[PDB]
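Q: Following this message is one structure expressed as structure tokens.
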Number of protein chains: 2
Amino acid sequence: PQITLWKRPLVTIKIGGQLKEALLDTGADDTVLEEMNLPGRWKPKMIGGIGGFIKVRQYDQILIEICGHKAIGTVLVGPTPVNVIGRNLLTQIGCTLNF
Amino acid sequence: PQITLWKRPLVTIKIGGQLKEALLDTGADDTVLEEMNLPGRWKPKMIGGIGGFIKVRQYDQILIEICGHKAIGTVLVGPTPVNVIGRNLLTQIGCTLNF
Ligand SMILES: CC[C@H](C)CN(C[C@@H](O)[C@H](Cc1ccccc1)NC(=O)O[C@H]1CO[C@H]2OCC[C@H]21)S(=O)(=O)c1ccc2ncsc2c1
């Protein structure tokens, strides 16, 4: 589909058997999701943006569906105010910027 | 143009007569540029990101050309980690997401 940017580009995602809302974020290198108790191992990480850094847990090879488009890759979990789908997954669903 | 997301969507912008690199950031409501000198009046404002809130100077009705496309709107100036072009200007240049 084509998504205009009059409002936040929010879409439903499926991760770890849960449905959530997340932003298609071209400015996000990685995918950062609200706190959730995913199973499996992880590695600590810190990511920076406006305001500073937050601590997150890096899970690798996570299955995630975005508008029926399946992907698999790294997902960061931490106290983020918003769920953001980053370029690591946007590339896997064929998402582009067009103007 | 059509921009894939295998790399950061960085483009050249012209603002205040000066060229700069900036990130096309669909996850940002507003446009935030690193510290610089801009003419005209400004108002102190607060903006929050993933890591908290920063202090910015709000410039209204600023001319800014993004990848050859002209826009006129609000530009926030402050200690952002990178120059980001937010939806307030992405809509003006006709930018949409497509997958
Ligand atoms: C360094 C470049 C930008 C700031 C990076 N951000 C993505 C960005 O889209 C962010 C995503 C975001 C959106 C909403 C709340 C918190 C973060 N939006 C944002 O900060 O926008 C601000 C400016 O306009 C306003 O509207 C939204 C907040 C304001 S981010 O959330 O901090 C982010 C995401 C993945 C990631 N992987 C490595 S670093 C890193 C940083």
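Residue numbers start at 1 in each chain; chains themselves are named A, B, ... in the order of the structure tokens; ligands are numbered from 1 in the order shown.
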Do you know which residues are within 9 Å of ligand 1 using only C-alpha atoms and all ligand atoms? Can you write them as a short mmCIF file (atom, residue, chain, number, x, y, z; two decimals) with N, CA and C atoms, in the first residue's frame?

A:
data_model
loop_
_atom_site.label_atom_id
_atom_site.label_comp_id
_atom_site.auth_asym_id
_atom_site.auth_seq_id
_atom_site.Cartn_x
_atom_site.Cartn_y
_atom_site.Cartn_z
N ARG A 8 0.70 10.00 11.93
CA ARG A 8 1.78 9.07 12.21
C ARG A 8 1.56 7.77 11.44
N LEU A 23 5.26 2.33 14.50
CA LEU A 23 5.52 3.28 13.43
C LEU A 23 6.47 2.70 12.40
N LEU A 24 6.15 2.91 11.13
CA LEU A 24 7.10 2.68 10.05
C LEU A 24 8.04 3.88 10.05
N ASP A 25 9.25 3.69 10.57
CA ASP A 25 10.15 4.80 10.89
C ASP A 25 11.41 4.71 10.04
N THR A 26 11.48 5.54 8.99
CA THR A 26 12.67 5.57 8.14
C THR A 26 13.87 6.17 8.85
N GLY A 27 13.66 6.92 9.93
CA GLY A 27 14.75 7.47 10.71
C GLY A 27 15.32 6.56 11.77
N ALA A 28 14.78 5.35 11.91
CA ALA A 28 15.23 4.40 12.91
C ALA A 28 16.10 3.34 12.24
N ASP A 29 17.38 3.29 12.62
CA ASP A 29 18.26 2.23 12.13
C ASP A 29 17.72 0.86 12.50
N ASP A 30 17.33 0.69 13.76
CA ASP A 30 16.90 -0.59 14.29
C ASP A 30 15.44 -0.51 14.71
N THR A 31 14.88 -1.66 15.05
CA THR A 31 13.50 -1.77 15.51
C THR A 31 13.49 -1.78 17.04
N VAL A 32 12.69 -0.90 17.63
CA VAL A 32 12.62 -0.73 19.07
C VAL A 32 11.16 -0.87 19.49
N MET A 46 22.46 0.03 24.16
CA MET A 46 21.99 1.38 24.40
C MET A 46 21.86 2.09 23.06
N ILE A 47 20.73 2.76 22.85
CA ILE A 47 20.44 3.47 21.61
C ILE A 47 20.11 4.91 21.96
N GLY A 48 20.59 5.84 21.13
CA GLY A 48 20.48 7.26 21.41
C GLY A 48 19.56 7.95 20.42
N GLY A 49 18.90 8.99 20.89
CA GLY A 49 18.09 9.83 20.05
C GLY A 49 17.92 11.18 20.70
N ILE A 50 16.84 11.87 20.32
CA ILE A 50 16.51 13.13 20.98
C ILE A 50 16.21 12.85 22.44
N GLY A 51 16.88 13.60 23.33
CA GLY A 51 16.72 13.45 24.76
C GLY A 51 17.82 12.64 25.41
N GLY A 52 18.45 11.73 24.67
CA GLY A 52 19.52 10.91 25.21
C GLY A 52 19.39 9.45 24.85
N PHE A 53 19.88 8.57 25.71
CA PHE A 53 19.92 7.14 25.46
C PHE A 53 18.95 6.40 26.38
N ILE A 54 18.50 5.24 25.91
CA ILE A 54 17.74 4.30 26.73
C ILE A 54 18.40 2.94 26.63
N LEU A 76 14.81 -4.70 19.31
CA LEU A 76 15.26 -4.15 20.58
C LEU A 76 14.05 -3.88 21.46
N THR A 80 10.74 2.22 25.63
CA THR A 80 10.58 3.22 24.59
C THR A 80 9.15 3.78 24.60
N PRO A 81 8.98 5.09 24.44
CA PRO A 81 7.62 5.65 24.47
C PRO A 81 6.76 5.23 23.29
N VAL A 82 7.35 4.71 22.22
CA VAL A 82 6.61 4.35 21.02
C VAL A 82 7.28 3.14 20.37
N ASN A 83 6.47 2.30 19.74
CA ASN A 83 6.99 1.20 18.95
C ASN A 83 7.38 1.71 17.57
N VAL A 84 8.61 1.43 17.15
CA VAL A 84 9.11 1.90 15.86
C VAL A 84 9.67 0.71 15.09
N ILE A 85 9.23 0.56 13.85
CA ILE A 85 9.81 -0.41 12.92
C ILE A 85 10.94 0.30 12.17
N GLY A 86 12.16 -0.24 12.30
CA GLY A 86 13.33 0.39 11.73
C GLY A 86 13.69 -0.16 10.36
N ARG A 87 14.72 0.45 9.77
CA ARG A 87 15.13 0.09 8.42
C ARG A 87 15.52 -1.38 8.31
N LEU B 23 18.18 13.80 7.63
CA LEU B 23 17.59 12.46 7.58
C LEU B 23 16.09 12.58 7.36
N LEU B 24 15.59 11.93 6.31
CA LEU B 24 14.15 11.82 6.09
C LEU B 24 13.60 10.84 7.12
N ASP B 25 12.80 11.34 8.06
CA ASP B 25 12.46 10.63 9.29
C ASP B 25 10.94 10.58 9.44
N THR B 26 10.32 9.51 8.94
CA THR B 26 8.87 9.39 9.02
C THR B 26 8.38 9.21 10.45
N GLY B 27 9.26 8.82 11.37
CA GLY B 27 8.90 8.69 12.77
C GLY B 27 8.95 9.98 13.57
N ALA B 28 9.33 11.09 12.94
CA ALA B 28 9.37 12.38 13.60
C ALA B 28 8.18 13.23 13.15
N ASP B 29 7.40 13.71 14.11
CA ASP B 29 6.33 14.66 13.78
C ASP B 29 6.90 15.96 13.25
N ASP B 30 8.01 16.41 13.82
CA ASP B 30 8.55 17.74 13.57
C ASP B 30 9.97 17.63 13.03
N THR B 31 10.42 18.73 12.43
CA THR B 31 11.77 18.83 11.88
C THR B 31 12.68 19.46 12.92
N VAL B 32 13.79 18.78 13.22
CA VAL B 32 14.73 19.22 14.25
C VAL B 32 16.12 19.23 13.65
N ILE B 47 10.76 19.65 23.11
CA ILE B 47 10.41 18.52 22.28
C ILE B 47 11.02 17.26 22.88
N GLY B 48 10.26 16.17 22.84
CA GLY B 48 10.67 14.91 23.46
C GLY B 48 10.94 13.84 22.41
N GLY B 49 11.98 13.05 22.66
CA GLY B 49 12.32 11.93 21.80
C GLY B 49 12.36 10.62 22.56
N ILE B 50 13.17 9.67 22.08
CA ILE B 50 13.22 8.37 22.73
C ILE B 50 13.90 8.47 24.10
N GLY B 51 14.79 9.44 24.28
CA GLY B 51 15.59 9.50 25.48
C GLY B 51 15.19 10.58 26.46
N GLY B 52 14.16 11.36 26.13
CA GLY B 52 13.71 12.43 26.98
C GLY B 52 13.45 13.69 26.18
N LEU B 76 12.66 23.34 14.12
CA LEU B 76 13.17 23.38 15.49
C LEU B 76 14.68 23.21 15.47
N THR B 80 19.90 18.10 18.81
CA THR B 80 19.48 16.81 18.29
C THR B 80 20.69 16.03 17.80
N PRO B 81 20.71 14.70 17.96
CA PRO B 81 21.87 13.94 17.48
C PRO B 81 22.13 14.07 16.00
N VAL B 82 21.09 14.26 15.19
CA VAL B 82 21.25 14.43 13.75
C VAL B 82 20.13 15.33 13.24
N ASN B 83 20.37 15.99 12.11
CA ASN B 83 19.32 16.74 11.43
C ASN B 83 18.26 15.76 10.93
N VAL B 84 17.02 15.97 11.34
CA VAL B 84 15.91 15.12 10.92
C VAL B 84 14.85 15.98 10.25
N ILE B 85 14.34 15.50 9.12
CA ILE B 85 13.21 16.10 8.43
C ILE B 85 11.97 15.32 8.84
N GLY B 86 11.05 15.99 9.55
CA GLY B 86 9.86 15.36 10.06
C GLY B 86 8.67 15.50 9.13
N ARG B 87 7.54 14.94 9.58
CA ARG B 87 6.36 14.84 8.72
C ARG B 87 5.81 16.21 8.35
N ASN B 88 6.04 17.23 9.18
CA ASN B 88 5.51 18.55 8.87
C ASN B 88 6.03 19.06 7.53
#

Q: Would you list, as a ChimeraX atom specification, the residues of range 3-91 of chain A that end up in helix (DSSP H, G or I) under DSSP run on this structure's backbone?

A: /A:87-91

Q: Kindly save the residues from that selection, with C-alpha atoms included, as a PDB file, in the first residue's frame.

A:
ATOM      1  CA  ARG A  87      15.126   0.091   8.417  1.00  0.00           C
ATOM      2  CA  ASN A  88      16.413  -3.379   9.331  1.00  0.00           C
ATOM      3  CA  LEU A  89      12.835  -4.616   8.836  1.00  0.00           C
ATOM      4  CA  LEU A  90      11.441  -1.968   6.471  1.00  0.00           C
ATOM      5  CA  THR A  91      13.885  -3.222   3.830  1.00  0.00           C
TER       6      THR A  91
END

Q: Please return, as a ChimeraX atom specification, all residues of chain B that DSSP assigns to strand (DSSP E) on the basis of the backbone.

A: /B:2-3,10-15,18-24,32-33,43-48,53-66,69-77,84-85,96-98

Q: Near residue 41 in chain B, within 9 Å and counting only C-alpha atoms, which residues show up once chain neighbours fewer than 3 positions away are dropped, as an mmCIF file with C-alpha atoms, in the first residue's frame?

A:
data_model
loop_
_atom_site.group_PDB
_atom_site.id
_atom_site.type_symbol
_atom_site.label_atom_id
_atom_site.label_comp_id
_atom_site.auth_asym_id
_atom_site.auth_seq_id
_atom_site.Cartn_x
_atom_site.Cartn_y
_atom_site.Cartn_z
ATOM 1 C CA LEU B 38 18.911 31.367 11.570
ATOM 2 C CA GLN B 58 11.183 27.177 17.151
ATOM 3 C CA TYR B 59 11.403 29.028 13.827
ATOM 4 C CA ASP B 60 8.092 29.361 11.984
#
